[PDB]
Amino acid sequence: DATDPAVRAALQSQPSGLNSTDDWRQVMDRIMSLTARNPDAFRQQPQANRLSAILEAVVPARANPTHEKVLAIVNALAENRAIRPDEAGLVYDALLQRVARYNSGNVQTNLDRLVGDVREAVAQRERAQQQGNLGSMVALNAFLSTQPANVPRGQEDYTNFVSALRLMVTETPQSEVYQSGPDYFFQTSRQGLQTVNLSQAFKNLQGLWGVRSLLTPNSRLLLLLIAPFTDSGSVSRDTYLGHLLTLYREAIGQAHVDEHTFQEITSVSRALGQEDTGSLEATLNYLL
Amino acid sequence: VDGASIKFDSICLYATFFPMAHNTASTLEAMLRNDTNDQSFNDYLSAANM
């Protein structure tokens with residue numbers, strides 16, 4: 001609701017109190033004293049405050065939804081990055097001017113259809129961010145059209161590797177693939193390091209799938225990122241690519257338990273009393 | 001008789017400390033308080049002078 005463009009439009013246009021137009025039932029429960037908490041809080045008002053609320057209740061005042069319907073649209077354009085936040089007042093007066101030149105019963109109905117349409121489109125984008133798959137599956141499958149589907153040797157290792165390659169981009173919503181000129185790439189996160197080169201890695205691994213000092217370090221970076229998404233039976237045991245994928249799974253598991261060992265040794269080296277400079281260097285040389 | 005005079009304004013004691021680590025200076029403290037590790041010295045002249 002904090003990211004809802006019509007809840008945010010109600011927090012910027014609608015009053016923060018109980019008027020007798022937007023909240024007719026909640027103020028008639030208070031005029032007629034049938035409220036659970038403090039029923040007699042309306043009898044204790046002056047006639048200027050008490051009779052002016054009765055008149056707005058038995059014959060309520062009409063209002064314009066047009067500034068509220070447009071502000072729900074502007075606050076969804078500013079949320080789906082269609083406009084800048086600095087342009088939020090520029091396009092608000094630009095849209096209010098257009099629905100004033102062309103105001104009709106059709107347009108006010110069409111703004112009522114479009115404020116339900118932008119509630120969906122804000123939520124559809126925020127679902128697509130947390131899923132994180134649609135921008136990557138169409139560009140990884142576009143990569144794999146370029147790569148051949150039949151290697152000469154080790155096709156069993158190759159078709160499970162590229163199936164685990166689809167498992168990184170699916171089971172990590174921040175990861176993405178794209179193109180920049182000839183080659184394609186893979187970032188493990190938005191605005192993060194460890195960017196592998198897919199067109200350079202698969203022109204390096206091609207010719208190494210059945211071999212059983214020769215690897216480019218981005219191919220080894222690819223074999224490090226693909227390692228937690230690869231089973232022991234996904235690739236072979238004797239194959240040099242399969243021998244490394246088991247070796248990189250042990251390196252991740254050792255770096256996962258040297259992380260917990262680091263948090264234990266440095267915790268009991270401060271309380272026991274050591275140099276804080278040398279507690280942090282002798283621990284790494286014990287763990288690396 | 002020749003009018004020489006000395007007068008002391010102030011005397012301060014200075015002491016330079018090796019900035020030893022607090023686990024190293026506590027190990028060395030605990031070793032040097034054992035009665036087998038007593039620091040024994042010797043006068044260089046080592047004589048009764050008459």
# chains A, B, ... in the order shown; residues from 1 in each chain; ligands from 1
$ interface_residues --of "chain A" --to "chain B" --cutoff "8 Å" --atoms "only C-alpha atoms" --output "list in words"
residues 273, 274 and 275 of chain A
$ residues_around --residues "residue 1 in chain A" --least-positions-apart "3" --cutoff "12 Å" --atoms "only C-alpha atoms" --output "list in words"
residues 4, 5, 6, 7, 8, 9, 10, 11, 119, 122 and 123 of chain A
$ select_by_dssp --residues "range 21-197 of chain A" --states "helix (DSSP H, G or I)" --output "compact mmCIF listing (two decimals) with C-alpha atoms, in the first residue's frame"
# COMPACT_ATOMS: atom_id res chain seq x y z
CA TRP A 24 -20.10 9.86 5.20
CA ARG A 25 -20.79 6.68 7.17
CA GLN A 26 -17.99 7.30 9.68
CA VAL A 27 -19.30 10.78 10.45
CA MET A 28 -22.96 9.70 10.61
CA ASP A 29 -21.90 7.16 13.24
CA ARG A 30 -20.52 10.12 15.21
CA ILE A 31 -23.38 12.57 14.59
CA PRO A 39 -20.10 8.20 21.62
CA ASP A 40 -20.72 11.55 23.33
CA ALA A 41 -17.81 13.42 21.71
CA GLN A 47 -22.82 25.04 17.38
CA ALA A 48 -20.38 26.33 14.76
CA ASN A 49 -18.69 22.92 14.68
CA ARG A 50 -21.79 20.84 15.39
CA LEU A 51 -24.39 22.34 13.03
CA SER A 52 -21.91 22.69 10.16
CA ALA A 53 -21.37 18.91 10.20
CA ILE A 54 -25.09 18.12 10.26
CA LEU A 55 -25.67 20.28 7.16
CA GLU A 56 -22.86 18.54 5.26
CA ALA A 57 -24.43 15.17 6.16
CA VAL A 58 -28.11 15.50 5.26
CA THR A 66 -10.17 14.91 -11.57
CA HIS A 67 -7.21 16.16 -9.55
CA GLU A 68 -7.24 12.85 -7.66
CA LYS A 69 -7.59 10.67 -10.77
CA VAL A 70 -4.72 12.43 -12.55
CA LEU A 71 -2.47 12.40 -9.47
CA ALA A 72 -2.82 8.62 -9.24
CA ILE A 73 -1.59 8.42 -12.84
CA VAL A 74 1.33 10.82 -12.29
CA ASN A 75 2.45 8.99 -9.16
CA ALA A 76 2.54 5.72 -11.12
CA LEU A 77 4.50 7.21 -14.01
CA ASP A 86 11.54 16.28 -10.98
CA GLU A 87 9.03 16.02 -13.85
CA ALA A 88 6.24 14.99 -11.46
CA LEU A 90 5.47 19.27 -14.94
CA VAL A 91 3.49 16.30 -16.27
CA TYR A 92 0.81 16.77 -13.60
CA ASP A 93 -0.08 20.22 -14.90
CA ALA A 94 0.36 18.90 -18.45
CA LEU A 95 -2.18 16.12 -17.84
CA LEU A 96 -4.58 18.36 -15.91
CA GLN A 97 -4.52 20.79 -18.82
CA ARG A 98 -5.35 18.02 -21.31
CA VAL A 99 -8.25 16.61 -19.27
CA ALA A 100 -9.52 20.19 -18.96
CA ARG A 101 -9.45 20.93 -22.69
CA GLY A 105 -18.16 11.83 -19.59
CA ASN A 106 -16.04 9.49 -21.70
CA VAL A 107 -12.73 10.87 -20.41
CA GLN A 108 -13.63 10.80 -16.71
CA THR A 109 -14.71 7.20 -17.17
CA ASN A 110 -11.50 6.56 -19.10
CA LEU A 111 -9.46 8.06 -16.25
CA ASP A 112 -11.34 5.76 -13.89
CA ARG A 113 -10.34 2.79 -16.04
CA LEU A 114 -6.74 4.01 -16.17
CA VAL A 115 -6.27 4.46 -12.41
CA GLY A 116 -7.16 0.79 -12.03
CA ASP A 117 -4.83 0.02 -14.91
CA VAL A 118 -1.86 1.72 -13.27
CA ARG A 119 -2.50 0.00 -9.94
CA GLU A 120 -1.99 -3.26 -11.83
CA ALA A 121 1.02 -2.00 -13.81
CA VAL A 122 2.83 -0.84 -10.67
CA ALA A 123 2.23 -4.20 -8.99
CA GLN A 124 3.09 -6.13 -12.17
CA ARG A 125 6.48 -4.41 -12.35
CA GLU A 126 7.20 -5.04 -8.67
CA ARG A 127 6.31 -8.70 -9.10
CA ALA A 128 8.60 -8.84 -12.14
CA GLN A 129 11.46 -7.31 -10.12
CA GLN A 130 11.28 -9.90 -7.34
CA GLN A 131 10.93 -12.70 -9.89
CA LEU A 134 11.72 -12.03 -18.00
CA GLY A 135 14.62 -9.81 -19.05
CA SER A 136 17.12 -12.65 -18.63
CA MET A 137 15.35 -15.69 -20.09
CA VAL A 138 14.72 -13.95 -23.42
CA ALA A 139 18.39 -12.94 -23.67
CA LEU A 140 19.97 -16.19 -22.47
CA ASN A 141 17.84 -18.24 -24.86
CA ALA A 142 18.88 -15.71 -27.51
CA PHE A 143 22.49 -16.50 -26.61
CA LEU A 144 21.99 -20.26 -26.82
CA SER A 145 20.59 -19.93 -30.34
CA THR A 146 24.07 -18.74 -31.35
CA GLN A 155 27.38 -33.76 -25.12
CA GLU A 156 26.13 -35.15 -21.80
CA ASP A 157 28.26 -32.59 -19.94
CA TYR A 158 27.27 -29.81 -22.34
CA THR A 159 23.48 -30.11 -22.21
CA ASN A 160 23.46 -30.27 -18.41
CA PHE A 161 25.79 -27.28 -18.15
CA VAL A 162 23.52 -25.11 -20.29
CA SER A 163 20.54 -26.36 -18.27
CA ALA A 164 22.35 -25.29 -15.10
CA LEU A 165 23.08 -22.04 -16.95
CA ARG A 166 19.32 -21.47 -17.12
CA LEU A 167 19.20 -22.27 -13.39
CA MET A 168 21.37 -19.29 -12.39
CA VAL A 169 19.23 -16.73 -14.22
CA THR A 170 16.02 -18.29 -12.86
$ closest_residue --among "A:221, A:214, A:263, A:173" --to "residue 195 in chain A" --atoms "only C-alpha atoms"
A:221
$ atom_distance --atom1 "CA of residue 231 in chain A" --atom2 "CA of residue 251 in chain A"
14.7 Å
$ closest_residue --among "A:219, A:3, A:84, A:175" --to "residue 193 in chain A" --atoms "only C-alpha atoms"
A:175
$ decode --residues "range 229-266 of chain A" --atoms "N, CA, C and O atoms" --output "PDB file, in the first residue's frame"
ATOM      1  N   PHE A 229      24.909 -24.536  -8.622  1.00  0.00           N
ATOM      2  CA  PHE A 229      23.744 -24.969  -9.379  1.00  0.00           C
ATOM      3  C   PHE A 229      24.035 -26.212 -10.206  1.00  0.00           C
ATOM      4  O   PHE A 229      23.332 -26.488 -11.181  1.00  0.00           O
ATOM      5  N   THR A 230      25.062 -26.970  -9.831  1.00  0.00           N
ATOM      6  CA  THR A 230      25.484 -28.156 -10.559  1.00  0.00           C
ATOM      7  C   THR A 230      25.617 -29.315  -9.585  1.00  0.00           C
ATOM      8  O   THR A 230      26.322 -29.203  -8.578  1.00  0.00           O
ATOM      9  N   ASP A 231      24.939 -30.419  -9.881  1.00  0.00           N
ATOM     10  CA  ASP A 231      25.018 -31.607  -9.049  1.00  0.00           C
ATOM     11  C   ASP A 231      26.304 -32.376  -9.342  1.00  0.00           C
ATOM     12  O   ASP A 231      27.071 -32.043 -10.248  1.00  0.00           O
ATOM     13  N   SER A 232      26.535 -33.428  -8.553  1.00  0.00           N
ATOM     14  CA  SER A 232      27.682 -34.292  -8.809  1.00  0.00           C
ATOM     15  C   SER A 232      27.454 -35.162 -10.036  1.00  0.00           C
ATOM     16  O   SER A 232      28.416 -35.562 -10.702  1.00  0.00           O
ATOM     17  N   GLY A 233      26.197 -35.463 -10.352  1.00  0.00           N
ATOM     18  CA  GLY A 233      25.840 -36.219 -11.528  1.00  0.00           C
ATOM     19  C   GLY A 233      25.466 -35.396 -12.737  1.00  0.00           C
ATOM     20  O   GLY A 233      25.113 -35.963 -13.774  1.00  0.00           O
ATOM     21  N   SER A 234      25.521 -34.066 -12.635  1.00  0.00           N
ATOM     22  CA  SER A 234      25.248 -33.226 -13.796  1.00  0.00           C
ATOM     23  C   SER A 234      26.401 -33.274 -14.788  1.00  0.00           C
ATOM     24  O   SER A 234      26.183 -33.271 -16.005  1.00  0.00           O
ATOM     25  N   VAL A 235      27.633 -33.324 -14.290  1.00  0.00           N
ATOM     26  CA  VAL A 235      28.816 -33.503 -15.119  1.00  0.00           C
ATOM     27  C   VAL A 235      29.557 -34.746 -14.642  1.00  0.00           C
ATOM     28  O   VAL A 235      29.194 -35.374 -13.649  1.00  0.00           O
ATOM     29  N   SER A 236      30.614 -35.091 -15.371  1.00  0.00           N
ATOM     30  CA  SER A 236      31.377 -36.293 -15.086  1.00  0.00           C
ATOM     31  C   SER A 236      32.340 -36.074 -13.920  1.00  0.00           C
ATOM     32  O   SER A 236      32.469 -34.976 -13.374  1.00  0.00           O
ATOM     33  N   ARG A 237      33.019 -37.155 -13.544  1.00  0.00           N
ATOM     34  CA  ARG A 237      34.019 -37.146 -12.483  1.00  0.00           C
ATOM     35  C   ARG A 237      35.434 -37.040 -13.034  1.00  0.00           C
ATOM     36  O   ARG A 237      36.267 -36.322 -12.471  1.00  0.00           O
ATOM     37  N   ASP A 238      35.720 -37.730 -14.136  1.00  0.00           N
ATOM     38  CA  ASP A 238      37.063 -37.753 -14.701  1.00  0.00           C
ATOM     39  C   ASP A 238      37.315 -36.613 -15.674  1.00  0.00           C
ATOM     40  O   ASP A 238      38.478 -36.269 -15.915  1.00  0.00           O
ATOM     41  N   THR A 239      36.255 -36.033 -16.235  1.00  0.00           N
ATOM     42  CA  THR A 239      36.384 -34.935 -17.185  1.00  0.00           C
ATOM     43  C   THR A 239      36.943 -33.700 -16.485  1.00  0.00           C
ATOM     44  O   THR A 239      36.564 -33.393 -15.351  1.00  0.00           O
ATOM     45  N   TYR A 240      37.877 -33.016 -17.161  1.00  0.00           N
ATOM     46  CA  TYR A 240      38.594 -31.892 -16.562  1.00  0.00           C
ATOM     47  C   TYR A 240      37.670 -30.733 -16.207  1.00  0.00           C
ATOM     48  O   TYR A 240      37.911 -30.033 -15.218  1.00  0.00           O
ATOM     49  N   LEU A 241      36.608 -30.519 -16.984  1.00  0.00           N
ATOM     50  CA  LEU A 241      35.606 -29.549 -16.563  1.00  0.00           C
ATOM     51  C   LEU A 241      34.770 -30.097 -15.416  1.00  0.00           C
ATOM     52  O   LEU A 241      34.396 -29.354 -14.505  1.00  0.00           O
ATOM     53  N   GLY A 242      34.475 -31.397 -15.440  1.00  0.00           N
ATOM     54  CA  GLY A 242      33.736 -32.000 -14.345  1.00  0.00           C
ATOM     55  C   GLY A 242      34.563 -32.169 -13.089  1.00  0.00           C
ATOM     56  O   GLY A 242      34.021 -32.153 -11.980  1.00  0.00           O
ATOM     57  N   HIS A 243      35.878 -32.341 -13.242  1.00  0.00           N
ATOM     58  CA  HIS A 243      36.762 -32.409 -12.084  1.00  0.00           C
ATOM     59  C   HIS A 243      36.890 -31.056 -11.402  1.00  0.00           C
ATOM     60  O   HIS A 243      37.067 -30.996 -10.180  1.00  0.00           O
ATOM     61  N   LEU A 244      36.793 -29.963 -12.163  1.00  0.00           N
ATOM     62  CA  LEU A 244      36.877 -28.637 -11.564  1.00  0.00           C
ATOM     63  C   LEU A 244      35.561 -28.208 -10.930  1.00  0.00           C
ATOM     64  O   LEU A 244      35.573 -27.516  -9.907  1.00  0.00           O
ATOM     65  N   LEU A 245      34.425 -28.601 -11.514  1.00  0.00           N
ATOM     66  CA  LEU A 245      33.130 -28.235 -10.947  1.00  0.00           C
ATOM     67  C   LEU A 245      32.896 -28.874  -9.588  1.00  0.00           C
ATOM     68  O   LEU A 245      32.202 -28.296  -8.747  1.00  0.00           O
ATOM     69  N   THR A 246      33.458 -30.059  -9.352  1.00  0.00           N
ATOM     70  CA  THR A 246      33.452 -30.607  -8.003  1.00  0.00           C
ATOM     71  C   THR A 246      34.471 -29.886  -7.128  1.00  0.00           C
ATOM     72  O   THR A 246      34.223 -29.664  -5.937  1.00  0.00           O
ATOM     73  N   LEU A 247      35.594 -29.470  -7.719  1.00  0.00           N
ATOM     74  CA  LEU A 247      36.620 -28.764  -6.960  1.00  0.00           C
ATOM     75  C   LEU A 247      36.167 -27.355  -6.592  1.00  0.00           C
ATOM     76  O   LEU A 247      36.522 -26.847  -5.523  1.00  0.00           O
ATOM     77  N   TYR A 248      35.376 -26.710  -7.454  1.00  0.00           N
ATOM     78  CA  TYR A 248      34.831 -25.407  -7.094  1.00  0.00           C
ATOM     79  C   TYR A 248      33.650 -25.502  -6.140  1.00  0.00           C
ATOM     80  O   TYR A 248      33.364 -24.525  -5.445  1.00  0.00           O
ATOM     81  N   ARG A 249      32.948 -26.637  -6.090  1.00  0.00           N
ATOM     82  CA  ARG A 249      31.932 -26.801  -5.056  1.00  0.00           C
ATOM     83  C   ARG A 249      32.555 -27.021  -3.687  1.00  0.00           C
ATOM     84  O   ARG A 249      31.981 -26.612  -2.673  1.00  0.00           O
ATOM     85  N   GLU A 250      33.717 -27.675  -3.633  1.00  0.00           N
ATOM     86  CA  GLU A 250      34.416 -27.805  -2.363  1.00  0.00           C
ATOM     87  C   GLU A 250      35.038 -26.485  -1.939  1.00  0.00           C
ATOM     88  O   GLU A 250      35.150 -26.215  -0.739  1.00  0.00           O
ATOM     89  N   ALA A 251      35.441 -25.653  -2.903  1.00  0.00           N
ATOM     90  CA  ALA A 251      36.024 -24.358  -2.574  1.00  0.00           C
ATOM     91  C   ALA A 251      34.980 -23.388  -2.040  1.00  0.00           C
ATOM     92  O   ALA A 251      35.296 -22.553  -1.186  1.00  0.00           O
ATOM     93  N   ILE A 252      33.742 -23.477  -2.528  1.00  0.00           N
ATOM     94  CA  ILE A 252      32.661 -22.660  -1.981  1.00  0.00           C
ATOM     95  C   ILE A 252      32.283 -23.143  -0.585  1.00  0.00           C
ATOM     96  O   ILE A 252      32.084 -22.337   0.333  1.00  0.00           O
ATOM     97  N   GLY A 253      32.208 -24.462  -0.395  1.00  0.00           N
ATOM     98  CA  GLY A 253      31.881 -25.003   0.911  1.00  0.00           C
ATOM     99  C   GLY A 253      32.967 -24.789   1.947  1.00  0.00           C
ATOM    100  O   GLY A 253      32.673 -24.665   3.138  1.00  0.00           O
ATOM    101  N   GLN A 254      34.228 -24.743   1.515  1.00  0.00           N
ATOM    102  CA  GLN A 254      35.305 -24.431   2.448  1.00  0.00           C
ATOM    103  C   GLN A 254      35.329 -22.944   2.778  1.00  0.00           C
ATOM    104  O   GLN A 254      35.577 -22.562   3.925  1.00  0.00           O
ATOM    105  N   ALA A 255      35.050 -22.089   1.789  1.00  0.00           N
ATOM    106  CA  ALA A 255      34.935 -20.658   2.045  1.00  0.00           C
ATOM    107  C   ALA A 255      33.672 -20.300   2.811  1.00  0.00           C
ATOM    108  O   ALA A 255      33.598 -19.200   3.365  1.00  0.00           O
ATOM    109  N   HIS A 256      32.683 -21.192   2.850  1.00  0.00           N
ATOM    110  CA  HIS A 256      31.509 -20.998   3.686  1.00  0.00           C
ATOM    111  C   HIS A 256      31.749 -21.421   5.128  1.00  0.00           C
ATOM    112  O   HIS A 256      31.106 -20.878   6.032  1.00  0.00           O
ATOM    113  N   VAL A 257      32.666 -22.360   5.369  1.00  0.00           N
ATOM    114  CA  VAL A 257      33.011 -22.733   6.736  1.00  0.00           C
ATOM    115  C   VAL A 257      34.265 -22.026   7.239  1.00  0.00           C
ATOM    116  O   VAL A 257      34.491 -21.995   8.458  1.00  0.00           O
ATOM    117  N   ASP A 258      35.088 -21.461   6.349  1.00  0.00           N
ATOM    118  CA  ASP A 258      36.121 -20.534   6.799  1.00  0.00           C
ATOM    119  C   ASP A 258      35.549 -19.163   7.118  1.00  0.00           C
ATOM    120  O   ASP A 258      36.203 -18.380   7.811  1.00  0.00           O
ATOM    121  N   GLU A 259      34.356 -18.854   6.608  1.00  0.00           N
ATOM    122  CA  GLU A 259      33.655 -17.646   7.020  1.00  0.00           C
ATOM    123  C   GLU A 259      33.152 -17.764   8.450  1.00  0.00           C
ATOM    124  O   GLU A 259      33.275 -16.823   9.239  1.00  0.00           O
ATOM    125  N   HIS A 260      32.580 -18.919   8.802  1.00  0.00           N
ATOM    126  CA  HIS A 260      32.105 -19.125  10.165  1.00  0.00           C
ATOM    127  C   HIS A 260      33.257 -19.354  11.134  1.00  0.00           C
ATOM    128  O   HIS A 260      33.139 -19.028  12.319  1.00  0.00           O
ATOM    129  N   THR A 261      34.374 -19.906  10.654  1.00  0.00           N
ATOM    130  CA  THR A 261      35.554 -20.060  11.499  1.00  0.00           C
ATOM    131  C   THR A 261      36.204 -18.710  11.782  1.00  0.00           C
ATOM    132  O   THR A 261      36.727 -18.493  12.880  1.00  0.00           O
ATOM    133  N   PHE A 262      36.143 -17.789  10.815  1.00  0.00           N
ATOM    134  CA  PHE A 262      36.677 -16.443  11.014  1.00  0.00           C
ATOM    135  C   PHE A 262      35.909 -15.691  12.096  1.00  0.00           C
ATOM    136  O   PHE A 262      36.506 -14.972  12.906  1.00  0.00           O
ATOM    137  N   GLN A 263      34.586 -15.842  12.122  1.00  0.00           N
ATOM    138  CA  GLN A 263      33.762 -15.162  13.113  1.00  0.00           C
ATOM    139  C   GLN A 263      33.909 -15.753  14.508  1.00  0.00           C
ATOM    140  O   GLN A 263      33.503 -15.106  15.479  1.00  0.00           O
ATOM    141  N   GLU A 264      34.470 -16.955  14.632  1.00  0.00           N
ATOM    142  CA  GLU A 264      34.727 -17.573  15.926  1.00  0.00           C
ATOM    143  C   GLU A 264      36.100 -17.204  16.472  1.00  0.00           C
ATOM    144  O   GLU A 264      36.231 -16.891  17.658  1.00  0.00           O
ATOM    145  N   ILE A 265      37.129 -17.245  15.618  1.00  0.00           N
ATOM    146  CA  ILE A 265      38.500 -17.019  16.063  1.00  0.00           C
ATOM    147  C   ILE A 265      38.716 -15.561  16.454  1.00  0.00           C
ATOM    148  O   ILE A 265      39.317 -15.268  17.494  1.00  0.00           O
ATOM    149  N   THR A 266      38.204 -14.628  15.650  1.00  0.00           N
ATOM    150  CA  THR A 266      38.357 -13.214  15.970  1.00  0.00           C
ATOM    151  C   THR A 266      37.484 -12.780  17.140  1.00  0.00           C
ATOM    152  O   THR A 266      37.795 -11.774  17.786  1.00  0.00           O
TER     153      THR A 266
END
